[PDB]
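In what follows, a structure is listed as structure tokens, so that the remarks can point back to it.
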Amino acid sequence: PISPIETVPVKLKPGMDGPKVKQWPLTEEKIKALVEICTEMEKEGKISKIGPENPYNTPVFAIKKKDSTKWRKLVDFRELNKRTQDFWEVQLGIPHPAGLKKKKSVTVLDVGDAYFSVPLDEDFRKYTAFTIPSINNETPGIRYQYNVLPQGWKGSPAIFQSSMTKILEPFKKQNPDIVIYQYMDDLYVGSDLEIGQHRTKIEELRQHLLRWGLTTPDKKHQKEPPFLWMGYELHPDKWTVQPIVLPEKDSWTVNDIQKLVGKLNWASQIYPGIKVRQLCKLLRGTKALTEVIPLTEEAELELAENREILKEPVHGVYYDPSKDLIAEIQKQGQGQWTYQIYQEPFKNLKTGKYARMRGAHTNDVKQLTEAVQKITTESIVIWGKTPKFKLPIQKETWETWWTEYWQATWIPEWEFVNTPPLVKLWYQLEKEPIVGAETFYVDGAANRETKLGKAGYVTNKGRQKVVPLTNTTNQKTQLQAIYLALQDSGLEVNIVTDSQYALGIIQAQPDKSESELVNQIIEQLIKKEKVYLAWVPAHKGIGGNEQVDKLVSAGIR
Amino acid sequence: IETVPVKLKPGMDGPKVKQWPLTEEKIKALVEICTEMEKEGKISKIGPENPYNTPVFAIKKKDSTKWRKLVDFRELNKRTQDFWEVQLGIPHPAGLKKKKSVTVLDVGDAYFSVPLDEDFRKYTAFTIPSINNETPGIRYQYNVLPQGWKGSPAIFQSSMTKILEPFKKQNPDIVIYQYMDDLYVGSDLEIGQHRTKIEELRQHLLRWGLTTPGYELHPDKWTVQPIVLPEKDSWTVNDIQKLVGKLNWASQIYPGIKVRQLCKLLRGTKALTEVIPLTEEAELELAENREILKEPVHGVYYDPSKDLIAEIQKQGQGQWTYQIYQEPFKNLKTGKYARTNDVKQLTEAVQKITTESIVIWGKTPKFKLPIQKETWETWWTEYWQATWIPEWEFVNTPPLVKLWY
Ligand SMILES: O=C1Nc2ccc(Cl)cc2[C@@](C#CC2CC2)(C(F)(F)F)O1
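For the protein sequence lines, the chains are A and B, in the order given. Every letter in the first sequence is one number past the one before it in the entry's author numbering, and letter 444, counting from 1, is 444. Residue numbering for the second sequence is 1005 to 1217, 1231 to 1356, 1362 to 1427, as defined by the entry's author numbering.
Next up, the structure:
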């Protein structure tokens, strides 16, 4: 049919006119094809004849269908589209299975010839005009325009979905108990009714749709959950991901690894523990897509654990609005975090992992915070509310770090849960100087054109060392100078630097960094029992900085 | 009545901003408010032919359990600046900040009386999302002047004047300033008489179909937040080294801060613990330097043309310090904010600061907020109470918190 429903008025972009692309000459058999096809559409309203008054022409093609049985009509709209107005996005998101409510009965209906069952705005048809050529361009050729939504045009998806929504509003209203999710030309209908009263309602729906020009299946409802959708397998009861299968092969090409990594990351939504750190490390570097990569020891095992986790099927359960949401986060390895979200102890709704680095120099308390943020945001989109957290951090550790940190931080209602590794700050910086403790006045400098520096120091006990360096910046000479003060130095040491930069990194108690020096300076810090770091203005001549600065920048500067 | 014709800054096109995901409770809050706003014909549903979007949230009144709709028109305000700032701007009284008392009145419901140029409406399109995207998602557009829009005050400026006219003639020493949704009313009366003159004003408003809240500011008591220098009985190398660090800072701001005496004082290579004597030039330099640090920077003037910037540092213990300035380290004003959640507090500080800002300059500042973008976005609309939304970029505070500015 052709739905009575009002039509969405569309227009072309401001400073533009309809399309005018010449029709490239087609072969005889093709010309026959289109003729047989259009005529067909025409007899049904989908299109109509028009004369040579319409200066708008858009190219047409035809290509064989499956096994070359019948032809198909391809209308390269590239031109009308660049000239067509912009619309409102069809879907700005996809429901996550875990956010769906459990249903008793569910069936999927699919709108046949959807785009062609909706009436294109009259004032716009004139632009969707094409032509069926004459053998070796002689005769005029047949001209046709559209009266319904062209299957390749910019606004068919938008306009179709909008219409299907107006067509459903009455029905949904009459049956608020029936949930209907519309994905493209498919309709997912679920209810808490009995398969009997369900199918009854279904027909009632097919009817309502018919009254509107939309034809729907009869016994080919495809309902019968399972439901393979968007990579998921939906059941009225639970849900899980499309079946994953790990190749299991001798040699792996870059292309193979990527696919693997892609599947495992897809599996991680419900399969707890999936790890891809080792496998992902193997893809660093511009490598041919067909290039074979040998699996390192680490990787070989990681693929094993994953292999293990995937053998037994795992399902996620559906959302119950009446219950709370609990989210527990575990620390897997370094920089890696996994989490589970459930309502009833251990019957997971969704799973996931966080590994994001987030700049160089960061510490577990900061990362845990980040995972909490991500899980929170995700939790809102899917369920509409934030969950309660069960974190592997002491209320103590958290309270202390948060209150002193420069950045403002929050974190929804949480609870400690002793699930090692527990998160902790691996060292603290004294606030008041350490009395009766050597005071290293470190410093550094480096010639910019040469790249030669002299990281050194001087103490209140006469000691004064000056090691030379090659290929270091003005910064590293200050970060290297602090590394020194930590080595030839006691268990308690006061360090006085003039590198706000160095002060910055160290002051944020990082326990892992991307800098080689910074990770070294960390071991030290974790070994001392008392470290005090202070700052003083660079080469501004101060008691101590000046002096070290002298043997630091005397020559090679 | 007739509609005022509005246009966008040529070259620029309507807003196409994404709708931040909302919690169930605010979605329900909003479909109720929008369901009712439609009956009253203030907004009409729209179709996919509208590609535009401006985000929306739901906040709380002056703590009353009634949810208010908050449309984030930050974008469209930028796309319209020409219209509401030059073409139909609203003058700002330099006298307002001098008033002993200033009351803020929410005259926003007053805009829904005027219609919006039928041609501009498409630009006010907004979307009420749905949980887990299980539903297309309700779309609308304004027919009447919307509230977060800086275009609304400008147009309504003509009517507001007729309304206030009598009250103003009978009360010449009372300043009235309108700034996007709110009226600021200040007088040098005694709290009693002031509060009284306010009720009087509400009665006038009331006659043009417009009720009111409350909420009083005291600008004449807004003072600078000096940069303090310690004053301890004892004194350690560390204590004096720091005293030199902060002082040094006070050099690229507050011209004249002499630190040549205090510096070079007790130098060489001494332990940090080692206590030290004192100096006569010291007591003098200190005094003089701090004396200079008490009063405002010399050479710093407000420049109506340039933007305003507010920077905030988390001091600790519910303490927050901030500076408003146009040219880095050239402070127009500095302050403090004190007295549960860090985010909850910070949001409060921003609103306070924005208000002080509006009273003093008539414009809101842009904020350099010491927090993580995602965290802020996820929670601000949970403690926010203003009708406006300032500009904000998320910065990374340096070890500058040492000095208060
Ligand atoms: O709320 C539910 N519950 C549900 C339970 C089991 C199955 Cl299979 C399907 C659903 C459903 C859906 C959907 C589309 C994203 C796949 C339905 F709309 F009901 F069809 O959304």
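A virtual CB, placed ideally from N, CA and C, is assigned to each residue, including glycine.
For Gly1190 (chain B), which of helix, strand or coil comes out of DSSP?
Locating residue 1190 (chain B) in the second sequence gives position 186, counting from the first residue. In this structure, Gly1190 (chain B) counts as strand in the three-state DSSP scheme.
By the three-class DSSP mapping on this structure, what secondary structure does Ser156 (chain A) have?
On the first sequence, residue 156 (chain A) is found 156 positions in, with the first residue counted as 1. The answer is helix: DSSP assigns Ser156 (chain A) an H, G or I state.
What span of residues does the beta strand (DSSP E) with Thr1351 (chain B) cover, start to end?
Within the second sequence, residue 1351 (chain B) is the residue found at index 334, counting from 1. 1347-1354 is the span of the beta strand (DSSP E), which, as asked, contains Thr1351 (chain B).
Check whether the stretch 183-195 of chain A touches the stretch 93-107 of chain A, counting contact only when three or more Cβ pairs, one atom from each stretch, lie closer than 8 Å.
As far as the Cβ criterion goes, the stretch 183-195 of chain A touches the stretch 93-107 of chain A, which means the pair count is three or higher.
Rounded to the nearest angstrom, what separates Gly1352 (chain B) and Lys1066 (chain B) at their Cα positions?
Walking along the second sequence from the start, residue 1352 (chain B) turns up at place 335. Walking along the second sequence from the start, residue 1066 (chain B) turns up at place 62. Cα-Cα distance, rounded: 25 Å.
For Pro140 (chain A) versus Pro52 (chain A), is the C-beta spacing smaller than 8 Å?
On the first sequence, residue 140 (chain A) is found 140 positions in, with the first residue counted as 1. On the first sequence, residue 52 (chain A) is found 52 positions in, with the first residue counted as 1. Yes. Within cutoff.
For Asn136 (chain A), the three-state DSSP class (helix, strand or coil):
The residue labelled residue 136 (chain A) in the question sits at position 136 within the first sequence. In the structure shown, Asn136 (chain A) sits in coil (DSSP, three-state: anything other than H, G, I, E or B).
Below 7 Å on C-beta distance, what does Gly93 (chain A) contact in chain B?
By 1-based counting over the first sequence, the position of residue 93 (chain A) is 93. By Cβ distance, chain B contributes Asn1137.
Got a sec: is the Cβ-Cβ distance from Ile1393 (chain B) to anything in chain A below 8 Å?
Walking along the second sequence from the start, residue 1393 (chain B) turns up at place 371. So, interface residue.
What separation, rounded to the nearest whole angstrom, lies between the Cα atoms of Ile1393 (chain B) and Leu1246 (chain B)?
On the second sequence, position 371 is the one that residue 1393 (chain B) refers to. On the second sequence, position 229 is the one that residue 1246 (chain B) refers to. Whole-angstrom Cα-Cα distance: 28 Å.
The beta strand (DSSP E) with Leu234 (chain A) in it runs from where to where?
What you label residue 234 (chain A) is simply residue 234 of the first sequence in a count that begins at 1. Per DSSP, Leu234 (chain A) belongs to the beta strand (DSSP E) from 232-234.
Between the stretch 121-130 of chain A and the stretch 10-26 of chain A, do at least 3 Cβ pairs fall closer than 8 Å?
The answer is yes - the stretch 10-26 of chain A touches the stretch 121-130 of chain A, with three or more Cβ pairs under 8 Å.
The stretch 1369-1383 of chain B / the stretch 1397-1412 of chain B touching (three or more Cβ pairs under 8 Å):
Remark: three or more beta-carbon pairs, one from each stretch, lie closer than 8 Å, so the stretch 1369-1383 of chain B and the stretch 1397-1412 of chain B are flagged as touching.
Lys102 (chain A) beta carbon near ligand 1 (any heavy atom closer than 7 Å)
For the purposes of this step, residue 102 (chain A) is taken as the residue at position 102 of the first sequence. Yes, since a heavy atom of ligand 1 falls inside the 7 Å radius drawn around the Cβ of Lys102 (chain A).
Confirm the yes/no value for this check: CB of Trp153 (chain A), any heavy atom of ligand 1, distance under 7 Å.
Numbered from its first residue, the first sequence carries residue 153 (chain A) at position 153. Not a single heavy atom of ligand 1 lies less than 7 Å from the C-beta of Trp153 (chain A).
Near ligand 1: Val241 (chain A) beta-carbon under 7 Å from a heavy atom:
On the first sequence, residue 241 (chain A) is found 241 positions in, with the first residue counted as 1. With a threshold of 7 Å, the Cβ atom of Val241 (chain A) does not count as near ligand 1, since no heavy atom of the ligand is closer than that.
Unbroken alpha helix (DSSP H) run spanning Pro1157 (chain B), endpoints
Numbered from its first residue, the second sequence carries residue 1157 (chain B) at position 153. Start and end: 1155-1173.
Would you mind stating whether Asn1348 (chain B) and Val1314 (chain B) have Cβ atoms separated by less than 8 Å?
If you number the second sequence from 1, residue 1348 (chain B) lands on position 331. If you number the second sequence from 1, residue 1314 (chain B) lands on position 297. Yes, the pair counts as a contact, with Cβ atoms nearer than the cut-off.
Over what stretch of residues does the beta strand (DSSP E) that includes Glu1399 (chain B) continue unbroken?
Counting from 1 along the second sequence, the entry for residue 1399 (chain B) is found at position 377. Element bounds for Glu1399 (chain B): not the beta strand (DSSP E) but the alpha helix (DSSP H), 1395-1401.
Rounded to the nearest angstrom, what separates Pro247 (chain A) and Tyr232 (chain A) at their Cα positions?
Here residue 247 (chain A) refers to the residue found at position 247 of the first sequence. Here residue 232 (chain A) refers to the residue found at position 232 of the first sequence. Taking the straight line joining both Cα atoms gives about 20 Å.
Name, please, each residue of chain B whose Cβ falls closer than 7 Å to the Cβ of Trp410 (chain A).
Counting from 1 along the first sequence, the entry for residue 410 (chain A) is found at position 410. Under the 7 Å cutoff, chain B gives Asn1363, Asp1364, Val1365, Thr1397, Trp1401.
Any non-hydrogen atom of ligand 3 closer than 7 Å to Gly285 (chain A) Cβ
Judged by which ligands are present, ligand 3 is missing from the structure shown, whose ligands are ligand 1.
List, in chain order, every chain B residue whose beta-carbon is nearer than 9 Å to that of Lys102 (chain A).
In the first sequence, counting from the first residue as 1, residue 102 (chain A) sits at position 102. Near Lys102 (chain A) there are no residues of chain B at all, since even the closest Cβ is about 14 Å away, more than 9 Å.
Grab me the residues of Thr290 (chain A)'s own chain with a C-beta within less than 8 Å of its C-beta, minus the 5 sequence neighbours each way, in chain order.
For this step, residue 290 (chain A) is matched to residue 290 along the first sequence. For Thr290 (chain A), where only same-chain residues beyond five positions count, the Cβ hits under 8 Å are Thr253, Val254, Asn255.
Please work out which residues of its chain come closer than 7 Å, Cβ to Cβ, to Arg307 (chain A), disregarding the five sequence neighbours upstream and downstream, and give them in chain order.
Indexing the first sequence from 1 puts residue 307 (chain A) at position 307. Excluding sequence neighbours, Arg307 (chain A) sits near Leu246.
What does the Cβ neighbour count give for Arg358 (chain A), buried or exposed, with the cut at 16 atoms within 10 Å?
For the purposes of this step, residue 358 (chain A) is taken as the residue at position 358 of the first sequence. Under this definition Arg358 (chain A) is an exposed residue.
For a quick check, are the C-beta atoms of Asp443 (chain A) and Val548 (chain A) less than 8 Å apart?
Residue 443 (chain A) sits at position 443 when you count from the first residue of the first sequence. Residue 548 (chain A) sits at position 548 when you count from the first residue of the first sequence. Yes, the pair counts as a contact, with Cβ atoms nearer than the cut-off.
Short of 9 Å Cβ to Cβ, which residues in the stretch 1140-1159 of chain B face chain A?
Within the stretch 1140-1159 of chain B, the residues whose Cβ lies closer than 9 Å to some Cβ of chain A are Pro1140, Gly1141, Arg1143, listed in chain order.
Can you list, in chain order, the residues of the stretch 1046-1073 of chain B whose Cβ is nearer than 7 Å to any Cβ on chain A?
Those would be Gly1051, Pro1052, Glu1053, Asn1054, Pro1055, in chain order.
Nearer than 7 Å: is that true of the beta carbon of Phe171 (chain A) relative to any heavy atom of ligand 1?
Residue mapping note: residue 171 (chain A) aligns to position 171 of the first sequence, counting from 1. Result no, Cβ not under 7 Å from ligand 1.
Return the bridge partner residues of residue 562 (chain A) from the DSSP annotation.
Residue numbering for chain A in the displayed model covers 1 to 557; residue 562 (chain A) lies beyond these limits and cannot be assessed.
Have a look at the DSSP bridge pairing and note the partners of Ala534 (chain A).
The residue given as residue 534 (chain A) occupies position 534 in the first sequence. In the DSSP output, where bridge partners are listed per residue, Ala534 (chain A) has A:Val496.
Can you look up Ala299 (chain A) in the DSSP assignment and give me helix, strand or coil?
As a first step, residue 299 (chain A) is located in the first sequence; it is residue number 299 there, counting from the start. Note: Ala299 (chain A) maps to helix in three-state DSSP.
In this structure, what does DSSP give as the bridge partners for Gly190 (chain A)?
Here the question's residue 190 (chain A) lines up with position 190 in the first sequence. In DSSP, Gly190 (chain A) forms a bridge with A:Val106, A:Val179.
Distance check for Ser1251 (chain B) and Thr1296 (chain B), CA to CA, integer angstroms please.
To locate residue 1296 (chain B), count along the second sequence from 1; it is residue 279. To locate residue 1251 (chain B), count along the second sequence from 1; it is residue 234. When rounded, the distance between both Cα atoms is 14 Å.
Got a sec: does ligand 1 put a non-hydrogen atom nearer than 7 Å to the Cβ of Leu109 (chain A)?
As a first step, residue 109 (chain A) is located in the first sequence; it is residue number 109 there, counting from the start. Result no, Cβ not under 7 Å from ligand 1.
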